[PDB]
2 protein chains.
Amino acid sequence: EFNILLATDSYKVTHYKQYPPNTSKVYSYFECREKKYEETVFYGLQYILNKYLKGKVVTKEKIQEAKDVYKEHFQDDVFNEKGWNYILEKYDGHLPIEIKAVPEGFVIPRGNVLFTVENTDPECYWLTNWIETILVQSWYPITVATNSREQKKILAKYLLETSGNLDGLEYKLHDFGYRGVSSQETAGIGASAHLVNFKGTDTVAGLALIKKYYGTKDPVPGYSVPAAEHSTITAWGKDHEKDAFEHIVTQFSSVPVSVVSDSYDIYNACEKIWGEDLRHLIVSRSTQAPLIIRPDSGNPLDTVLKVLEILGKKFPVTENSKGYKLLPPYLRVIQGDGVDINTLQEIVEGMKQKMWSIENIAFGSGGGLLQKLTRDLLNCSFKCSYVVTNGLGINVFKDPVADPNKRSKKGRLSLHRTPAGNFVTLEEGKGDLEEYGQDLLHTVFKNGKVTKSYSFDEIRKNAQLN
Amino acid sequence: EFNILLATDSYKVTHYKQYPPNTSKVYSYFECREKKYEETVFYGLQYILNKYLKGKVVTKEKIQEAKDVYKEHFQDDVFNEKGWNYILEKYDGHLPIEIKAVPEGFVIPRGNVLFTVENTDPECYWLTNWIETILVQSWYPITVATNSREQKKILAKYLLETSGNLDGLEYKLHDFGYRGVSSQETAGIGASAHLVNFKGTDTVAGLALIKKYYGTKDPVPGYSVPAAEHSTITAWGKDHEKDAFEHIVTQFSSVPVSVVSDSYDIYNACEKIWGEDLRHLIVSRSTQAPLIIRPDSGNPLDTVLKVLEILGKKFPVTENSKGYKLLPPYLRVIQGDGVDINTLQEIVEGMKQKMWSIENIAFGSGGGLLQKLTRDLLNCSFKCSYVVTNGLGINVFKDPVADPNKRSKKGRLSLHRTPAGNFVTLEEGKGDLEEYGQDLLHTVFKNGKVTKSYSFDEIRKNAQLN
Ligand SMILES: O=P(O)(O)OC[C@H]1O[C@H](OP(=O)(O)OP(=O)(O)O)[C@H](O)[C@@H]1O
Ligand SMILES: O=P(O)(O)OC[C@H]1O[C@H](OP(=O)(O)OP(=O)(O)O)[C@H](O)[C@@H]1O
């Protein structure tokens with residue numbers, strides 16, 4: 001069972017002895033500090049609130065467990081047993097904390113407050129930053145959701161330019177990241193963050209998380225199709241790639257099927273096997289059930305172009321109203337190797353220059369989508385901005401001399417729409433002047449209860465492209 | 001409840017209809033493919049076997065749950081209900097799988113078999129590659145352990161050169177990665193992997209994982225010390241940094257204490273506050289209770305060197321037996337900002353050139369230690385190498401034309417010691433010839449049971465530096 005007393009950075013166990021005496025309030029905030037990612041999707045907090053923070057999170061046994069561990073960990077009894085016991089006795093183990101957050105799915109420019117944390121009981125001044133560690137981990141679903149949306153922007157731009165519409169955009173970037181992430185829990189979190197923007201996923205874990213923590217009107221938030229891997233092709237033996245190909249497309253004749261084609265020779269597979277030997281099984285396919293040829297090696301741009309070049313000469317290629325080449329509806333290509341935001345841009349641009357419609361191509365991304373991201377990409381940061389000491393509120397901040405970018409905000413914070421319809425974070429409690437509209441930060445957690453939640457449908461709506 | 005039927009890549013649900021008819025055996029292996037990072041620490045499989053793979057992992061409820069999810073996920077009844085029911089009825093939900101692996105903590109050159117997977121029942125040919133996704137996630141603890149060890153190699157080289165010994169090496173790289181990782185589960189896995197090489201950690205989750213899945217003779221595998229953060233300094237107010245400093249060091253006067261000193265001006269804090277105003281509280285401290293000054297901004301190397309020069313002028317610096325400058329034992333520095341394998345090397349080399357002993361410095365790493373790593377850093381891959389179809393064993397492999405590095409191994413595999421005492425992976429069942437010694441892989445999993453285990457003490461011993 002999870003223990004919140006053991007879910008913090010070790011040194012935070014010693015911080016209750018470090019704050020100024022007579023401190024009754026610690027007030028902190030999360031932002032993606034200003035530095036290619038000018039706006040961020042806020043997503044993932046509701047998961048953390050429900051799974052880890054809500055209800056009775058302190059028990060008699062959990063306090064003793066923590067006390068025993070930290071005694072050995074520090075070689076000293078520094079642990080605040082008395083502080084945690086107070087929470088157990090007075091609030092039945094419910095956290096006297098208030099969390100206010102911008103609605104999930106909201107797209108917010110960098111350098112704005114996204115959520116705030118404060119203690120609601122003066123005895124628990126130390127608790128605000130105790131939970132920094134668990135809350136800051138929201139950086140990940142935020143960053144995955146943001147990076148995924150930015151890739152959608154690129155896909156949208158090129159799809160619209162090369163085809164004149166956005167049909168099937170929500171299926172142009174497929175999550176292949178399950179094996180390439182660091183854990184089962186990460187897989188589910190990351191997969192769900194991608195599903196804010198897209199509907200194609202192989203990371204099943206993401207579906208259960210959305211169902212449990214967010215909810216959607218549809219039975220499932222994400223979908224997939226039958227697909228081959230190298231084991232299902234190579235198990236037939238090198239001399240029998242054609243038989244493997246034939247068997248798989250015949251098995252999945254009435255649904256879309258993706259078939260990895262680079263086991264031995266991708267260019268041979270497209271020209272000779274797909275383009276000649278088994279052509280008759282491809283041209284007879286439905287528009288609802290295309291063959292999706294999947295290269296999986298070589299230079300991503302060069303390989304996609306060569307594959308399209310080969311297929312264009314073996315199958316009846318048309319030219320759409322924008323003047324771009326289009327494969328027949330029963331045949332498509334998915335690039336699922338070496339795909340990240342940079343190579344995605346590189347491929348669609350190379351395709352456009354060679355006059356190929358983005359209709360022809362879909363993308364798959366694993367590590368690039370769910371793993372090759374850090375807390376530093378969006379400068380995700382949690383800092384104390386306000387304390388009450390001796391009954392007086394003081395605006396607090398860091399401002400390192402050698403890095404002005406690390407300067408933090410002062411005082412009590414609020415988020416507002418500007419008259420031109422942008423966003424502004426007001427500092428030093430200036431939001432109380434009512435010069436702007438309503439504070440966009442809403443109480444989502446208070447004293448052990450989740451007070452406002454959003455469905456996954458609402459989140460998708462909020463995170464739409466312009 | 002974790003459901004193994006929902007813990008695979010979506011397309012693997014469709015693979016039982018893709019293998020050649022009358023396939024009785026699927027045999028696959030894991031390696032870190034060849035072409036820094038020339039050898040890998042094998043760590044983390046035991047965790048996966050115990051948490052996810054062992055015992056009764058199939059129930060009737062879990063089969064129905066998966067059936068209903070995949071029905072909506074594929075918009076089709078492609079899920080292998082009968083295959084999974086067979087396992088439940090015949091084996092009481094235990095996986096008919098055998099896994100052979102190198103001992104954990106073992107240091108193996110790239111391009112060698114690390115573990116193999118095969119089905120023990122002909123009916124369950126499809127199960128071998130079903131569990132690929134779960135098992136491939138071992139890339140992460142392997143990569144953390146390996147990258148951590150490579151950093152220890154760098155630290156050892158410079159500590160030995162500047163001081164003449166390796167005292168306290170195991171405390172020179174501290175885990176700060178809790179908030180910087182993608183999930184709670186990743187935090188535990190990654191922290192445990194770092195603890196294979198070092199003993200300092202702030203990521204508490206790592207302790208419980210080790211004690212549950214590996215075990216150590218000591219009460220805890222990892223330790224920490226009291227330390228300040230920006231909130232516990234800045235809360236005092238801009239004009240009261242000295243008061244913050246004084247309070248914290250006097251509260252923790254008998255243990256080591258780390259104090260972040262860059263809230264407003266790092267060079268002012270070192271020269272005027274530590275070096276003048278509070279010098280009397282530093283020079284009185286025990287050798288077992290040093291002040292550890294923590295810069296946290298600016299250029300990592302330039303800041304460390306400037307901090308050291310400042311302290312050198314305010315404090316009684318000595319010269320060690322190797323001719324390098326050494327701060328008094330009550331005074332140390334920790335650089336915990338922007339630390340990864342590359343910048344660690346830069347700092348210790350830069351220190352050496354300015355004649356500063358590595359005794360003076362410790363490092364902390366967060367994202368660089370536990371997050372900024374991917375599956376392709378060590379080329380971690382899981383591939384089928386051998387199948388039995390129509391009673392005949394067939395050597396299986398991929399060899400893509402445009403990437404010869406992606407070529408996989410053929411047939412039944414075994415790991416051996418060479419006459420010169422190195423490692424060799426023999427292919428095509430050639431290990432049966434016994435021209436080398438016995439196969440060095442052990443059966444670690446068979447038919448739902450963990451059959452071989454290693455304590456965390458064994459692993460640490462296996463993974464030590466030469
Ligand atoms: O973007 P990524 O994180 O790489 O994930 C996508 C890739 O992962 C799989 O490769 P596989 O597991 O066979 O690894 P390998 O290609 O390195 O052998 C799959 O064949 C995709 O090409
Ligand atoms: O190696 P990393 O992943 O950066 O983690 C380590 C850093 O994290 C903490 O800063 P904080 O959480 O305040 O982040 P910030 O300095 O970017 O605000 C700490 O002060 C370290 O500098």
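Letters A, B, ... mirror the listed sequences (proteins, then strands); counts begin at 1.
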Exercise for review: Scan side-chain atoms only and decide if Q184(A) and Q137(B) contain a donor-acceptor pair under the 3.5 Å cut-off.
Suggested key: yes
Review point. Looking only at side chains, do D218(A) and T216(A) share a donor and an acceptor under 3.5 Å apart?
Key: no
Point to revise | When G298(A), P400(A), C384(A) are compared by non-hydrogen pairs under 4.5 Å with chain B, the top option | key: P400(A)
Exercise for review: May I ask you to name which of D399(A), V26(A), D296(A) has the most heavy-atom pairs under 4.5 Å with chain B?
Suggested key: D399(A)
Practice item. Mind ranking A235(A), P221(A), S297(A) by heavy-atom pairs under 4.5 Å with chain B and telling me who comes out on top? Key: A235(A)
Check your understanding: Under 6.0 Å from the NZ atom of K306(A), do we count more than 12 heavy atoms belonging to anything else shown?
Key -> no
**Study point:** Contacting region of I48(A) [heavy-atom separation from chain B under 4.5 Å]
**Key:** neither
Study note, to complete from the structure: Among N129(B), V181(B), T143(B), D76(B), the residue with the most heavy-atom pairs under 4.5 Å to chain A is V181(B)
**Study point:** Interchain contact, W236(A) with chain B, by part (heavy-atom threshold 4.5 Å)
**Key:** both
Review point. Hey, are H174(B) and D202(B) close enough side-chain-wise for a donor-acceptor pair under 3.5 Å?
Key: yes
Check your understanding: Which answer fits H247(A), side chain, backbone, both or neither, if we ask what part of it has an atom under 4.5 Å from a heavy atom of chain B?
Key -> side chain
Check your understanding: Can you say whether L6(A) sits under 4.5 Å from chain B via the side chain, the backbone, both, or neither, judging by heavy atoms?
Key -> both
Exercise for review: Would you please classify the geometry between the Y19(A) ring and the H15(A) ring as parallel, tilted or perpendicular, with 30° and 60° separating the classes?
Suggested key: perpendicular
**Study point:** Most chain A-contacting option - heavy-atom pairs closer than 4.5 Å, from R375(B), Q18(B), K398(B)
**Key:** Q18(B)
Revision key, fill the gap. Residue from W139(B), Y264(B), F74(B) scoring the most non-hydrogen pairs under 4.5 Å with chain A is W139(B)
Exercise for review: Please state whether the side chain, the backbone, both or neither of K12(A) comes within less than 4.5 Å of a heavy atom of chain B.
Suggested key: side chain
**Study point:** Portion of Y267(A) that has a non-hydrogen atom of chain B nearer than 4.5 angstrom
**Key:** side chain
Check your understanding: If you count the non-hydrogen atoms of other residues, nucleotides and ligands that lie under 6.0 Å from NZ in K410(A), is the total more than 12?
Key -> no
Review point. Checking heavy atoms, do the side chain of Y140(A), its backbone, both or neither come under 4.5 Å from chain B?
Key: side chain
Point to revise | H230(A) versus chain B, the contacting section by heavy-atom distance below 4.5 Å | key: side chain
Point to revise | Flag if over 12 foreign heavy atoms under 6.0 Å of CZ, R407(A) | key: no
Exercise for review: May I ask you to check whether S263(B) and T234(B) show a side-chain donor-acceptor distance below 3.5 Å?
Suggested key: no
**Study point:** Proximal component of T201(A), with respect to chain B [non-hydrogen, under 4.5 Å]
**Key:** both
Point to revise | Interface residue of largest heavy-atom contact number with chain A, from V136(B), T232(B), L135(B), under 4.5 Å | key: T232(B)
Practice item. Examine the side chains of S28(B) and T128(B) and answer whether a donor and an acceptor come within less than 3.5 Å of each other. Key: no
**Study point:** Choice from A402(B), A187(B), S182(B) maximising heavy atom contacts with chain A below 4.5 Å
**Key:** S182(B)
Exercise for review: Select one option (side chain, backbone, both, neither) describing which atoms of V387(B) are under 4.5 Å from chain A's heavy atoms.
Suggested key: side chain
Study note, to complete from the structure: Comparing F2(A), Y386(A), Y178(A) against chain B, the one with the most heavy-atom pairs below 4.5 Å turns out to be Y178(A)
Study note, to complete from the structure: From the list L207(B), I189(B), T203(B), the residue making the most non-hydrogen contacts under 4.5 Å with chain A is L207(B)
Point to revise | Interatomic spacing from CG in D403(B) to CD1 in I266(A) - rounded to 0.5 Å | key: 13.0 Å
Exercise for review: Start with the C-alpha distance between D340(A) and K372(A), add both sets of side-chain angles, then the distance that settles salt bridge (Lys or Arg N to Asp or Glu O under 4.0 Å), and finish with yes or no.
Suggested key: CA-CA 9 Å; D340(A) 59 30; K372(A) 201 187 266 280; over 6 Å; no
**Study point:** Contact class of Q251(B) relative to chain A, heavy atoms under 4.5 angstrom
**Key:** side chain
Review point. For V69(A), is it the side chain, the backbone, both, or neither that has a heavy atom closer than 4.5 Å to a heavy atom of chain B?
Key: both
Review point. Can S381(A) and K383(A) be counted as having a side-chain donor-acceptor contact under 3.5 angstrom?
Key: yes
Exercise for review: Measure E65(A) against the heavy atoms of chain B and call it side chain, backbone, both or neither at under 4.5 Å.
Suggested key: neither
Check your understanding: Under 3.5 Å, is there a donor-acceptor pair linking the side chains of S10(B) and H73(B)?
Key -> yes
Review point. When rounded to the nearest 0.5 angstrom, what is the spacing between CG in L370(A) and OG1 in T186(A)?
Key: 9.0 Å
**Study point:** Pair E229(A), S231(A): side-chain N/O donor-acceptor within cut-off below 3.5 Å
**Key:** yes
**Study point:** Segment of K238(A) engaging chain B (4.5 angstrom heavy-atom cut-off)
**Key:** side chain
Review point. When rounded to the nearest 0.5 angstrom, what is the spacing between OG in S224(B) and CZ in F176(B)?
Key: 7.5 Å
Point to revise | Proximal component of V78(A), with respect to chain B [non-hydrogen, under 4.5 Å] | key: side chain
Review point. Given a strict heavy-atom distance threshold of 4.5 Å, which part of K17(A) is in contact with chain B: side chain, backbone, both, or neither?
Key: both
Review point. So what's closer than 4.5 Å to chain A heavy atoms on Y52(B): side chain, backbone, both or neither?
Key: side chain
Practice item. Go through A7(A), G237(A), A205(A), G367(A) and name the one with the most non-hydrogen pairs under 4.5 angstrom from chain B. Key: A7(A)
Check your understanding: Does the side-chain contact (heavy atoms from CB on, under 4.5 Å) test come out yes or no for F252(B) and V225(B), once each step is laid out?
Key -> CA-CA 10 Å; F252(B) 302 104; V225(B) 301; over 6 Å; no
Review point. If you count heavy-atom pairs under 4.5 Å with chain B, which of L373(A), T14(A), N3(A), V13(A) comes out on top?
Key: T14(A)
